[PDB]
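Heads up: the structure comes next, in structure tokens.
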RNA sequence: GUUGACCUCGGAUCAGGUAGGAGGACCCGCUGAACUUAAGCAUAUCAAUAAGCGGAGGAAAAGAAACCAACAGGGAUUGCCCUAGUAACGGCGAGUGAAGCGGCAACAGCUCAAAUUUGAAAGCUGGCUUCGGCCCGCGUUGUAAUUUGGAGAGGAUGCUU
RNA sequence: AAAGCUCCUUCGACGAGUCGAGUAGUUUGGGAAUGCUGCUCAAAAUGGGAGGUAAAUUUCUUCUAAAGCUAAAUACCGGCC
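Protein chains in written order, with full-length UniProt numbering: chain U, 9 to 110; chain F, 2 to 203; chain S, 2 to 210; chain Y, 106 to 158.
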């Protein structure tokens, strides 16, 4: 019983009165979940492969430098604002693990 | 197993390890013929994903194309028409370079059937592909029911009829409100909308 | 070239329409062909009904919301409630649809009853006559009158609600306090101002702090 | 060719009345195959790996 | 040094096989006009059409959702009636122009990559054979069984097929 | 030997020069750009696409792309009757 319908149309919560029920989650909706088998593989490959030229320019400019420029530049390469924001956040993690470890 | 790591490694095509390995191979190519046999696939994970198997009757060929854009072939520049369609230089072909590569291989091997193809390498004036072929007359093929569907006489030369994976992309073969005019065949629907039907009792 | 008081014409007849004209002179000839195919099919399925069982479904739009009709198949939850194996259902005339869900409880209850009584009316011949099994008919009640349509014998009983109802006086309810007309106007303007009111109230809380 | 004798040895025993795994013993062999080997080292069961160059 | 393997590339009137041409009314693609209409004409229209080129069948193609919706929610594809001369495009001129819902005909669902059989490549082409089988080869850079999101795997548990 | 059903702490692998973005030509009823193709850049894991007006912030609904098969209702007088 998520929400109770009012019973009259043309309102904030319009609808027809009924007894809604909760249902078991379908397996098709588990697409984006992380798996421990794929995190192990993706971590090892990053060590072997290394970084890319456009990442190397942002990561240097991201530390001891501007942060707006690091996000203007990322958008121009990746092409969209949403992906640029996520990529910049992930690279901030790699700098944190490197220097703060030892 | 190991095939999982190859999937992840091939995603990073800008790393120093991968970029070096593509440069050396492209020089190894371009010294052989335009079309030539390949002993074994160079991308074992990618070929396996598309139906390739390591048993008799499966062969691999590779080919390159010119990587440009279509220029309208006319004597000099004259077109003899209205100004709206007298351009010659910036026109474009309506099928992908991947499709042309598959088609030339089919004429070379006229007794086999084309399954799929994939991108291998590219250059300033060339793009390289590898094509998977299947022998429809081998006994080891007709025995297995997972593939013997291809031996039927209805799958003859499906390269130039637009039935492979790249052929379905070049046509609007998808569901939804976006692919309206070409969902079931562009020319078929144009016939349906332009027919005048008369019944006995009007 | 218009000349008098006329309606402006628009006749899409400037292409080569004459090349694509589809006259229907085979309307009665085609009908005979279908009737020959149905009775030929019915002979092949000698004791079985021709059709398949369908569930009850409501139309999906605000217009047509009132009426009901037949659907494609029963959801996997409906079959489980009635105790029918998933694999055995398609082989005894039941149609299954695996991409439909039961959001409410009214639809779920109606279909379960419609499927439960079908199981009671089913006669199931054994695979081998000399060795019958537990779930088979014991050969005593195999002889009975049968139906073949299964679309008329199991159609929608009534698609619409009853036209009217008659109730005794002094049982008539009282309306909304403001009235029916004013209840609609208030509900309309409340949704328009849901954003303006919320932020004005919220910013006051931070303003005082 | 060796596998044939072991299979025939099993057939004689199973007909007499003694079940399988009573005439044969646990085998110790070297592993091979790329996908097979990769799984072995992920479970820390391998002790030494040799790779071609 | 001798000798024996592996990978790549060739010869042969080696053993066994396969493609071309015809037809093209209907069907799947590429390429691509102008006459004409606008009372002139260049965007537009004729037309995503004629001619040209490639590939199949008795039908071809499509097809088991990265869909439609905003509802009390529908549920693979194709065709007929309606939606509709409608929303929309257009020297907003001449003109062009779909889709969702709804009724009916006919109805049917499925297999691969990504997991170690690892206590036993359990799989296959070919040759010879008295018909019981044997031999070389392909293959571990992966041939069978098992799994495909509707799930499933791994555990519990009693009946049934 | 193989198969079906009822429950569960826990696991639950899912397709890349692809998706997407910019620019150019063609096309569509698709209108700050419906589909297709050329060039440059080039992703992610509750992630991704869509929700018919461009952009930022916060919610919600619905499916699971980049591999594959399959009868019937439909067209046609070209071939044999």
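Ideal Cβ positions, reconstructed from N, Cα and C, are used throughout, including at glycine.
Partners in chain U for residue i, counting only beta-carbon separations shorter than 9 Å
| i | result |
| --- | --- |
| residue 194/S | Within 9 Å Cβ-Cβ: nothing; residue 194/S doesn't reach chain U, min ~10 Å. |
| residue 213/F | Given a span of 2 to 203 for chain F in the structure shown, any question on residue 213/F remains unanswerable. |
Cross-strand partners of residue i (DSSP beta bridge)
| i | result |
| --- | --- |
| residue 71/S | 57/S |
| residue 197/F | 22/S |
| residue 64/S | None, per the DSSP bridge assignment. |
| residue 65/F | 129/F |
| residue 120/F | 130/F |
| residue 37/F | 63/F |
| residue 114/F | 135/F |
| residue 28/U | 105/S |
8 Å Cβ cutoff, residue i in contact with chain S
| i | result |
| --- | --- |
| residue 85/F | no |
| residue 19/U | yes |
| residue 70/U | no |
| residue 52/U | no |
Neighbour list for residue i in chain F, Cβ cutoff strictly below 7 Å
| i | result |
| --- | --- |
| residue 155/Y | Residues of chain F passing the Cβ test: none, with the nearest at roughly 16 Å. |
| residue 73/U | None at all; the shortest Cβ gap to chain F is about 23 Å. |
| residue 28/S | 201 |
| residue 61/U | 15 |
Under 8 Å from the C-beta of residue i: neighbouring residues of chain S
| i | result |
| --- | --- |
| residue 27/U | 105, 106 and 107 |
Residue-level contact to chain U via CB, residue i, 8 Å cutoff
| i | result |
| --- | --- |
| residue 118/S | no |
| residue 102/S | yes |
| residue 6/F | yes |
| residue 160/F | no |
| residue 10/F | yes |
Short CB-CB distance (under 8 Å) between residue i and chain F
| i | result |
| --- | --- |
| residue 22/S | yes |
| residue 32/S | no |
| residue 92/U | no |
| residue 49/U | yes |
| residue 102/U | no |
| residue 42/S | no |
| residue 67/U | no |
| residue 25/S | yes |
| residue 16/S | yes |
Contacts of residue i in chain U (Cβ-Cβ under 7 Å)
| i | result |
| --- | --- |
| residue 176/F | Correct list: empty, because the minimum Cβ distance to chain U is about 17 Å. |
| residue 17/F | 58 |
Chain U residues whose Cβ lies nearer than 8 Å to that of residue i
| i | result |
| --- | --- |
| residue 191/S | 19 and 20 |
Partner residues on chain Y for residue i, Cβ-Cβ distance less than 9 Å
| i | result |
| --- | --- |
| residue 3/F | 139, 140, 142 and 143 |
Per-residue contacts from residue i into chain S (C-beta, under 7 Å)
| i | result |
| --- | --- |
| residue 99/U | The premise fails here: residue 99/U is roughly 35 Å from chain S at the closest Cβ pair, so nothing lies under 7 Å. |
Partners in chain S for residue i, counting only beta-carbon separations shorter than 9 Å
| i | result |
| --- | --- |
| residue 31/U | 78, 102, 103 and 104 |
| residue 16/U | 184, 185 and 188 |
Threshold first: 4 residues or longer. Then list the alpha helix (DSSP H) segments lying entirely within the segment 6-47 of chain S, N to C.
Counting only runs of 4 or more, we get 28-45.
To be precise: take each residue of the segment 178-189 of chain S, compare its Cβ to all Cβ atoms of chain U, and keep it if any distance is under 8 Å. Which residues remain?
Across the segment 178-189 of chain S, CB contacts with chain U closer than 8 Å involve 184, 185, 188 and 189, in sequence order along the chain.
For a minimum of 3 consecutive residues, which ranges assigned as the beta strand (DSSP E) are wholly contained in the segment 90-176 of chain S?
List check, beta strand (DSSP E) in window: nothing returned.
Selection of the segment 191-203 of chain F by Cβ proximity to chain S, strictly under 8 Å:
Residues passing the 8 Å Cβ filter: 192, 195, 196, 197, 198, 199, 200 and 201.
Every unbroken alpha helix (DSSP H) within the segment 51-86 of chain U, with a cutoff of 4 residues, ordered by chain
Runs found: 61-70 and 76-86.
Can you list, in chain order, the stretches of the beta strand (DSSP E) that have 3 or more residues and sit fully within the segment 7-34 of chain F?
Listed in chain order, there is nothing to give.
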